[PDB]
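Colleague: Protein chains in written order, with UniProt numbering: chain A, 347 to 445; chain B, 2 to 51; chain C, 939 to 987; chain D, 495 to 501, 509 to 544. Take a look at this one; I'll ask things after.
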Amino acid sequence: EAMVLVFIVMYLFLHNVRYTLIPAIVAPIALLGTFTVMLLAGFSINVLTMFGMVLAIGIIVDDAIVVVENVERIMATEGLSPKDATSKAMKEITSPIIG
Amino acid sequence: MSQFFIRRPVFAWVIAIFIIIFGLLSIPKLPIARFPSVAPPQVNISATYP
Amino acid sequence: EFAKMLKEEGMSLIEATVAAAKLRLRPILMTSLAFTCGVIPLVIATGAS
Amino acid sequence: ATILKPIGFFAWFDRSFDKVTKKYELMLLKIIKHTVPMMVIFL
């Protein structure tokens, strides 16, 4: 349920589905990698870990959302080519994302 | 630069496929329980003096 | 971050900060409301948990 | 990069966001006029 809500509002802001797709795919892969790390560490599937994952659902997509918003806005305003525009937007937004 | 995977989508795609596959494989083997072993361990000693 | 960078390019600190806030208002809302959406399922709960 | 292709309710949303950012700039300047009261309120 959380995921769909996390999805829903994003589209409501992006007003275009294809933009909203990119943030969505990030979460399932991150959760699957978290499951792999739990397997390696030996952690079990507890209500505590699942609640932490529910809390994470929102945080996980923030990194993708920032870059998506930056690329969309810069493309809409400047109007440059999608590929060069997205490479540039990645150049600007690297430090805030990593921090 | 952090542009290597931007240059070629295939590498990022295969990395994502590996992460997805390994997680799908991992989920079945994980133990399931309501709560972890948070409680303090207890050891009991029994002596009988009839 | 963007306020400090705009200072680096030489923009006036106050005018730098206001413009930075105007530009970065969107993503802040986008990541705050996304987290709030994630937490809404928990706050409005009718189950045994 | 791969998925993106060059290019009512959504228009209403966009214009609402534009109005929000305009009011945000005005309100931010107004707050900047009053700094010490904001600091005291933060405390």
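Cβ coordinates follow ideal geometry from the N, Cα and C atoms, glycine included.
Chain B partners of A:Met421, CB-CB under 8 Å?
Modeller: As a working mapping, residue 421 of chain A is identified with position 75 in the first sequence. Here the premise fails: no neighbours, minimum Cβ distance about 15 Å.
Colleague: Are the beta-carbon atoms belonging to A:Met356 and D:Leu498 less than 9 Å from one another?
Modeller: Here residue 356 of chain A is taken as the residue at index 10 of the first sequence, counted from 1. Here residue 498 of chain D is taken as the residue at index 4 of the fourth sequence, counted from 1. Not a contact, by the Cβ cut-off of 9 Å.
Colleague: Would you list, in sequence order, the uninterrupted alpha helix (DSSP H) runs of no fewer than 4 residues that lie entirely inside the stretch 355-418 of chain A?
Modeller: If we require 4 residues or more, the alpha helix (DSSP H) runs fully inside the stretch 355-418 of chain A come out as 363-387 and 393-406.
Colleague: In chain A, what lies closer than 8 Å to B:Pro32 by C-beta?
Modeller: Here residue 32 of chain B refers to the residue found at position 31 when the second sequence is read from its first residue. By Cβ distance, chain A contributes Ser390 and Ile391.
Colleague: Give the straight-line distance between the Cα atoms of B:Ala17 and A:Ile375, rounded to the nearest whole angstrom.
Modeller: Within the second sequence, numbered from 1, the residue matching residue 17 of chain B stands at position 16. Within the first sequence, numbered from 1, the residue matching residue 375 of chain A stands at position 29. Approximately 7 Å, taken between the alpha carbons.
Colleague: Report yes or no: is there a C-beta of chain C within less than 9 Å of the C-beta of D:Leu529?
Modeller: The count along the fourth sequence starts at 1 and reaches residue 529 of chain D at position 28. Answer yes: the Cβ-Cβ gap between D:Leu529 and chain C drops below 9 Å somewhere.
Colleague: Which residues of chain A have a Cβ atom closer than 7 Å to the Cβ of C:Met968, listed in chain order?
Modeller: Against the third sequence, residue 968 of chain C aligns to sequence position 30. Going along chain A in sequence order, the residues near C:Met968 (Cβ under 7 Å) are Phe359, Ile411 and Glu415.
Colleague: Span of the alpha helix (DSSP H) holding C:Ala959?
Modeller: If you number the third sequence from 1, residue 959 of chain C lands on position 21. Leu951 to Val981 is the span of the alpha helix (DSSP H), which, as asked, contains C:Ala959.
Colleague: Taking Cβ to Cβ, would you say D:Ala495 is nearer than 9 Å to A:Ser441?
Modeller: Walking along the fourth sequence from the start, residue 495 of chain D turns up at place 1. Walking along the first sequence from the start, residue 441 of chain A turns up at place 95. Contact: no.
Colleague: Between the stretch 360-371 of chain A and the stretch 2-14 of chain B, do at least 3 Cβ pairs fall closer than 8 Å?
Modeller: No: fewer than three Cβ pairs fall under 8 Å.
Colleague: Report the option in A:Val413, A:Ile406 and A:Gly445 whose CA atom is closest to the CA atom of C:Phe973.
Modeller: For the purposes of this step, residue 973 of chain C is taken as residue 35 along the third sequence, with counting starting at 1. With distances taken between Cα atoms, C:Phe973 lies closest to A:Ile406.
Colleague: Does the Cβ of A:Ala373 have 16 or more other Cβ atoms within 10 Å, making it buried, or fewer, making it exposed?
Modeller: Looking up residue 373 of chain A in the first sequence gives position 27. With 16 or more other Cβ atoms within 10 Å, it is buried.
Colleague: Return the CA-CA distance between C:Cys975 and A:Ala370, expressed in angstroms with no decimal places.
Modeller: As a working mapping, residue 975 of chain C is identified with position 37 in the third sequence. As a working mapping, residue 370 of chain A is identified with position 24 in the first sequence. Near 14 Å, if we compare the C-alpha coordinates of A:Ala370 and C:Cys975.
Colleague: For A:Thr395, which option in B:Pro41, B:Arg35 and B:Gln43 has the closest C-alpha, if you only look at C-alpha atoms?
Modeller: Numbered from its first residue, the first sequence carries residue 395 of chain A at position 49. The residue with the shortest Cα to Cα distance from A:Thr395 is B:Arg35.
Colleague: Beta carbon of A:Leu378, beta carbon of B:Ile28: below 9 Å?
Modeller: Indexing the first sequence from 1 puts residue 378 of chain A at position 32. Indexing the second sequence from 1 puts residue 28 of chain B at position 27. Going by C-beta atoms, A:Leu378 is nearer than 9 Å to B:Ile28.
Colleague: Verify whether the separation of the beta carbon atoms of A:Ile368 and A:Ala402 is less than 9 Å.
Modeller: Taking the first residue of the first sequence as 1, we reach residue 368 of chain A at position 22. Taking the first residue of the first sequence as 1, we reach residue 402 of chain A at position 56. No, the pair does not count as a contact, with Cβ atoms beyond the cut-off.
Colleague: Mind checking D:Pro538: buried by the 16 CB within 10 Å criterion, or exposed?
Modeller: Counting from 1 along the fourth sequence, the entry for residue 538 of chain D is found at position 37. Classification of D:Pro538: exposed, given that the 10 Å Cβ count is below 16.
Colleague: Is the separation between the beta-carbon of A:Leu351 and that of C:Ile982 shorter than 9 Å?
Modeller: As a first step, residue 351 of chain A is located in the first sequence; it is residue number 5 there, counting from the start. As a first step, residue 982 of chain C is located in the third sequence; it is residue number 44 there, counting from the start. Not a contact, by the Cβ cut-off of 9 Å.
Colleague: Any beta carbon from chain D within less than 9 Å of A:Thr432's own beta carbon?
Modeller: To locate residue 432 of chain A, count along the first sequence from 1; it is residue 86. Cβ-Cβ to chain D under 9 Å: yes for A:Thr432.
Colleague: Where does the unbroken alpha helix (DSSP H) through A:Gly425 begin, and where does it stop?
Modeller: On the first sequence, residue 425 of chain A is found 79 positions in, with the first residue counted as 1. Where A:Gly425 is concerned, there is no enclosing alpha helix (DSSP H), given that its DSSP letter is neither H nor E.
Colleague: Buried or exposed for C:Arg964, please, with buried defined as at least 16 other CB atoms from any protein chain shown within 10 angstroms of its CB.
Modeller: Sequence index remark: in the third sequence, residue 964 of chain C carries index 26 (1-based). When all chains shown are included, C:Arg964 counts as buried.
Colleague: Consider the C-beta atom of B:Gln4 and the heavy atoms of the ligand PLP; say whether any pair is separated by less than 8 Å.
Modeller: This structure lacks the ligand PLP, and indeed carries no ligand of any kind.
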